[PDB]
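Single chain ahead, written as structure tokens, the form deposited in one PDB entry.
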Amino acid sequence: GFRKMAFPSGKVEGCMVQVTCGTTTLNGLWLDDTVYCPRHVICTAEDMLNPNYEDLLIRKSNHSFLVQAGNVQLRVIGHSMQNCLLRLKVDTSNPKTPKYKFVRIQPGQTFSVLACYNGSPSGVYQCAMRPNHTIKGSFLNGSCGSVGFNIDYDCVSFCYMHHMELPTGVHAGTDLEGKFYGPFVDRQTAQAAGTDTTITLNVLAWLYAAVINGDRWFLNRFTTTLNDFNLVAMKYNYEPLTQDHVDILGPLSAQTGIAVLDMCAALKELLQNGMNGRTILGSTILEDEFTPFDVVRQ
């Protein structure tokens, strides 16, 4: 019993609306009296190739934004641009607005995605900010505006809004202040991400998750130094391990009875010799989208 778990999405579902400009429809996030959505909703198919969003936005009126909260249409009474987001002010304040915050997540961190289509939520899943600032989502046509988020107590931390799919099929988007994660831009032009790496801190947390659930076959008696581990990390495209990373793994190290560098020796062996057809926590690949916090939560 260990698997990717998403946060319950009820507090986010109530915030999802539909936003339409001409023949373009996508999802918006409705908090108090503001609707956030990707600004490229104002793009026609031709403007997408190289838009000037300031020009495009100045030529629109509040009336050109159709905002639907289910059956109720909301009237846009104002609007502005923040980076790659639109902020549409509406006459109604969302009564389902939860306690929330806008946060910018760091690479390797996880969040829940509420995938949405025409303003109605359709699925919820967990994923991670990749070290190269993409996310490996499952976004289809019409999912722009879907948000990523974490829940702490009763507060929703919004961290991602979806904008686009790169040619490799991974995804790119912004935080809720509209700044893109990574080097990308909202222009329909082929864009590459940097070469990705494996989130070592997450792999190790998942190795602890396995031990906690009785999967010990990969352990061994050996240990290793930080510097000696990093040398193998570099060879196999893993993020180097920091002393703060080791400090993060403290609680897991203590509950299991396995020193962090002992788990690193075990991981070094898995990288060098593979896994010999065996599985860890049901997986045959070293999973790197579970954070240490994720592990202790479950």
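Numbers follow the displayed sequence, beginning with 1.
Engineer: On average, which has the higher Cα B-factor in the deposited entry, 157 to 165 or 94 to 102?
Structural biologist: The stretch with the larger mean CA B-factor is 94 to 102.
Engineer: Mean C-alpha B-factor higher for 238 to 246, or for 30 to 38?
Structural biologist: Looking at the record's C-alpha B-factors, the answer is 238 to 246.
Engineer: Using the temperature factors in the entry, find which of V124, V72, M81, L201 has the highest value at its Cα atom.
Structural biologist: Comparing C-alpha B-factors across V124, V72, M81, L201, the top value belongs to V72.
Engineer: Considering every modelled residue of the chain and its Cα B-factor in the PDB entry, is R221 in the lowest, middle or highest third?
Structural biologist: Tercile = highest for this residue's CA B-factor.
Engineer: Comparing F7 with the other modelled residues of its chain, is its CA B-factor in the lowest, middle or highest third?
Structural biologist: Bottom third by C-alpha B-factor.
Engineer: Per the entry's values, where does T195 land by CA temperature factor relative to the rest of its chain, in the lowest, middle or highest third?
Structural biologist: It falls in the middle third of the chain.
Engineer: Using the B-factors in the PDB entry, rank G119's C-alpha atom against the chain and give the third, lowest, middle or highest.
Structural biologist: According to the entry, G119 has a C-alpha B-factor in the chain's middle third.
Engineer: Can you work out whether the C-alpha temperature factor of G214 puts it in the lowest, middle or highest third of the chain?
Structural biologist: It falls in the top third of the chain.
We do not show the form deposited in another entry, though everything after this point is about it.
Engineer: Considering the turn of one rigid part against another between this form and the one not shown, what in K179, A254, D196, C127 is at the hinge?
Structural biologist: Only one option sits at the hinge, namely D196.
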